[PDB]
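Which chain is which? The protein sequence lines are A, B, C, D and E, in order.
Remember, the entry's author numbering sits 2 above the position in the first sequence when you count from 1.
Remember, the entry's author numbering sits 3 above the position in the second sequence when you count from 1.
Remember, the entry's author numbering sits 225 above the position in the third sequence when you count from 1.
Remember, the entry's author numbering sits 243 above the position in the fourth sequence when you count from 1.
Remember, the entry's author numbering sits 49 above the position in the fifth sequence when you count from 1.
Built from N, CA and C at the ideal position, the CB exists for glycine as well.
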Amino acid sequence: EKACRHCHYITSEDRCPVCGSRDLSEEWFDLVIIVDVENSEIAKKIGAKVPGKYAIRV
Amino acid sequence: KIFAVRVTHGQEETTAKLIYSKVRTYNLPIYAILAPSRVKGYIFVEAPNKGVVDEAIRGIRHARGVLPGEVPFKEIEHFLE
Amino acid sequence: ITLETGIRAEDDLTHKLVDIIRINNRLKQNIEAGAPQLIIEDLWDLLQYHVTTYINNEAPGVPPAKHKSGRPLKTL
Amino acid sequence: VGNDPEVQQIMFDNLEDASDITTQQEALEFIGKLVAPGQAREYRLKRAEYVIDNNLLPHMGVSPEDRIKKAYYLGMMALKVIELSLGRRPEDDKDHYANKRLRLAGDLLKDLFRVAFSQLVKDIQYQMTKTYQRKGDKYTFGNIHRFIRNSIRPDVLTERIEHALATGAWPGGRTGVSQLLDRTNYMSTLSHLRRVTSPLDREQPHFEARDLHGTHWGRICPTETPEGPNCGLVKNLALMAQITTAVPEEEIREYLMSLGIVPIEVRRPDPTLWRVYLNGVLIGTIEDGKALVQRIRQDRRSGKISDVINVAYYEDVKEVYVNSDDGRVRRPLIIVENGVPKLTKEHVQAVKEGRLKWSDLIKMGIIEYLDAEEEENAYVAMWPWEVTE
Amino acid sequence: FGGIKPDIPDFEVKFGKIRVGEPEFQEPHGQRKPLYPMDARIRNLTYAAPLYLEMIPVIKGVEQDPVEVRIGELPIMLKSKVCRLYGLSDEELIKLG
DNA sequence: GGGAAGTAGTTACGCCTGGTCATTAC
DNA sequence: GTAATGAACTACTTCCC
RNA sequence: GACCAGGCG
Ligand SMILES: [Zn+2]
């Protein structure tokens with residue numbers, strides 16, 4: 003399991019779910035996950051729009 | 004309405020994954036789960052009320068309980084930034 | 226006391242002190258790293274309970290600490 | 244509850260505290276307030292209903308439908324309470340042996356197996372859930388038999404049973420259930436295999452419990468007992484003592500319902516009617532119990548029913564008791580009719596030759612077993628030349 | 050108990066019958082052989098017999114063919130209806146020590 | 001105020017024999 | 001492979017309507 | 001070393 007450097011999206015595969023580019027850093031520590039962006043106000047605070055897992059300070 | 008649930012400090016990261024899997028089984032009305040590694044032994048769960056977190060916390064051995072009282076959002080921006 | 230089977234036997238005070246030290250270390254790390262009030266204000270209660278049991282294990286209105294075998298521990 | 248006019252007046256005095264102040268849900272609100280003080284309003288109702296369901300007389304069931312029967316039983320208990328106040332019933336004696344039952348291996352082992360199986364099922368549930376969540380549904384449904392087989396750990400049962408049997412510390416806080424066998428000689432082992440112990444605490448005096456009782460005749464040895472603080476609290480079975488097992492109760496109930504007894508729901512008890520109890524619970528009323536007890540005991544003597552059934556009656560309260568459970572201590576006796584014992588010389592001869600055995604003597608109705616309940620109605624002669632009408 | 054209700058979306062297990070086997074011991078290398086009370090006493094073993102249980106898998110509300118698994122071992126009362134010494138003659142007991 | 005009612009503290013001295021402990025999920 | 005915790009007694013003190 | 005059970009005066 004990896005995480006995109008720019009998307010901050012924790013990726014379980016070689017290709018990011020939201021971006022066709024395959025980028026990773028293998029230095030993610032924090033884990034942030036959201037089930038429903040439409041309901042989660044934390045996603046509104048961070049500006050996310052796609053459900054899934056995210057990192058913060060990669 | 005954020006809530007705090009105490010878990011064993013060995014497998015907090017796996018706990019988040021197993022809640023993320025468990026939320027689908029009964030379609031729990033839960034918005035987001037938080038579990039930074041800087042804070043050990045506790046996780047943050049977004050839910051409308053205490054009944055939802057109580058129903059979503061059963062069946063997990065590592066989940067010990069839920070702390071009383073709502074955790075304000077204001078106390079936690081320093082982590083999600 | 227060293228058992229003939231190779232395992233070590235330790236007094237109850239050692240176990241209680243180990244628990245106290247672990248709780249204190251976790252509370253210190255949480256305080257240093259920053260946390261919501263509901264976290265430290267619960268670790269504080271846990272540490273107070275551990276110290277209270279360590280000094281006296283038969284205090285009124287508190288569940289006595291229990292060993293791995295189910296026997297209540299002996300303390301000071 | 245009842246129909247006695249004095250009981251009616253007492254109940255009219257009692258109702259005014261709640262007759263015109265509460266309804267069915269209001270009492271639920273009160274109970275919820277008490278069991279869950281200062282908690283969520285909706286939480287209180289569920290907590291109170293749960294407590295009512297599975298904490299009030301659980302032996303009547305835990306379904307919400309059994310609440311009417313629970314109310315009937317509670318009313319009967321209250322009727323006994325108020326009947327004590329007016330002096331219509333003498334207080335019960337705790338040391339009378341009709342109120343005590345023994346616990347044998349078959350029930351302690353049952354409890355231990357119950358707790359071990361309760362642990363095992365939860366362990367299996369956890370293992371199956373984790374395996375399915377980790378490997379995925381395709382692996383689980385590829386070979387379901389292997390999936391079920393390889394998810395069982397058969398040690399949590401064996402180790403927990405074995406440790407409890409070895410140390411002697413039973414679940415539930417009891418201690419000293421299992422003891423080491425005394426093998427000094429023949430008598431020590433044989434006497435150790437026939438011990439009876441009391442669960443009371445040793446240090447306290449317990450003046451009433453340590454004394455001998457009249458009902459101990461033929462069931463407990465009056466002279467073999469320890470010498471230290473254990474005196475009285477540890478006793479040994481007599482030689483004539485016979486412990487009883489249990490027969491199914493539904494068959495007994497449906498047999499009892501078939502000879503004139505009306506159900507409790509259909510008809511309310513009144514002072515002119517006898518009461519009938521089965522294993523401590525009330526099941527109905529009859530117009531004449533003196534003939535009913537004779538019929539039941541005559542049927543038992545004939546051989547229609549099992550010999551573990553004992554029937555006794557008290558005419559002071561107009562009650563009839565029937566017992567069919569295990570744990571009672573009984574002794575054998577010779578039936579006497581019309582002032583003539585039913586045992587003859589030819590019976591002794593047949594026993595001596597070998598044609599007749601003890602079980603056949605029991606079956607033919609010559610000898611019957613009596614517990615502490617039936618012995619109330621008996622009048623036993625001591626020597627064969629002292630019998631009369 | 051009735052059965053097991055795991056969190057699998059379409060799975061449930063129903064319990065069947067229970068059986069008690071012969072008193073036996075399993076060597077650490079794999080084989081299982083009969084056991085006798087004196088052998089258990091000398092070797093500091095436990096005189097017990099295995100237990101068997103039938104599990105009925107239920108998939109989508111339809112019962113499947115049953116399966117049988119061993120859930121553990123149960124100690125055996127000496128000279129009971131299942132002990133190896135039941136009904137033996139005096140010389141048989143003498144030969145067994 | 002002087003009646004509950006609910007804590008809180010104790011309960012003889014030696015000696016002998018044997019048996020069990022002193023975690024576990026991955 | 002290891003890091004992880006899950007019955008009587010008697011005299012005071014506190015109420016209290 | 002601590003517990004449990006049983007005995008002796
Ligand atoms: Zn990406």
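Would residue i count as contacting chain B if we go by Cβ distances under 8 Å?
i	result
A:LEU33	yes
D:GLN537	no
C:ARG247	no
C:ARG251	yes
Looking at the secondary structure, which residues open and close the beta strand (DSSP E) in which residue i lies?
i	result
E:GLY65	60–69
D:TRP517	517–521
E:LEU100	97–108
B:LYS25	Note, B:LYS25: premise wrong, no beta strand (DSSP E); alpha helix (DSSP H) at 15–25.
E:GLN75	73–75
B:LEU37	35–37
E:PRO124	116–124
Counting only beta-carbon atoms, is residue i nearer than 8 Å to chain C?
i	result
B:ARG41	yes
B:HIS65	no
B:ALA50	no
B:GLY72	yes
B:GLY68	no
B:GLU84	no
B:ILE79	yes
B:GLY62	no
Between residue i and chain D, is the shortest Cβ-Cβ distance under 8 Å, so that the two count as touching?
i	result
E:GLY121	yes
E:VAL118	yes
E:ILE143	no
E:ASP139	no
E:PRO106	yes
E:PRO124	yes
E:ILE67	no
E:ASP56	yes
Give the secondary structure of residue i by DSSP, where H, G and I count as helix, E and B as strand, and everything else as coil.
i	result
C:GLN262	helix
D:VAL477	strand
B:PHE6	strand
residue 311 of chain C	Here chain C has residues from 226 to 301 only, and residue 311 of chain C is not among them.
E:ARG133	coil
D:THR383	helix
D:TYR622	coil
D:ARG332	coil
D:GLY275	helix
C:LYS291	strand
B:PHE47	strand
E:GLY79	coil
B:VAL42	coil
C:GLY286	coil
A:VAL52	coil
D:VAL324	helix
Along the alpha helix (DSSP H) that carries residue i, what are the first and last residues, could you check?
i	result
D:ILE367	348–378
C:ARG233	Note, C:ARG233: premise wrong, no alpha helix (DSSP H); not H, not E.
D:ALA407	399–410
D:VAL536	532–545
D:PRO248	248–258
D:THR440	No alpha helix (DSSP H) holds D:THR440; the beta strand (DSSP E) holding it covers 438–440.
B:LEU70	Counting along the chain, B:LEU70 falls outside any alpha helix (DSSP H), and DSSP gives it neither H nor E.
Looking at the C-beta of residue i, does it have a partner C-beta in chain E at a distance below 8 Å?
i	result
D:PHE360	yes
D:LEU400	yes
D:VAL364	yes
D:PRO414	no
Can you pull out the residues from the stretch 11–39 of chain B whose beta carbon lies closer than 7 Å to at least one beta carbon of chain A? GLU16, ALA19, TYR23, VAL26, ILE33, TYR34, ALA35, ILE36, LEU37, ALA38 and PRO39
Mind listing, in chain order, the residues whose beta carbon lies closer than 5 Å to a non-hydrogen atom of ligand 2? Annotation note on ligand 2: not contained in the displayed structure, which lists ligand 1 as its ligands.
Can you list, in chain order, the residues of the stretch 258–278 of chain C whose Cβ is nearer than 8 Å to any Cβ on chain B? If the cut-off is 8 Å between Cβ atoms, the stretch 258–278 of chain C has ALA258, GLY259, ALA260, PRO261, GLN262, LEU263, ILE264 and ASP267 near chain B.
For the stretch 368–395 of chain D, which residues have a CB atom closer than 7 Å to at least one CB atom of chain E, in sequence order? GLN368, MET371, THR372, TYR375, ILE387, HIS388, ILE391, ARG392 and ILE395
Going along the chain, which residues of the stretch 28–53 of chain A sit with their C-beta nearer than 8 Å to a C-beta in chain B? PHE31, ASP32, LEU33, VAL34, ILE35, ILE36, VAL37, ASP38, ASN41, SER42, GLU43, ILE44, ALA45, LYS47 and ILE48
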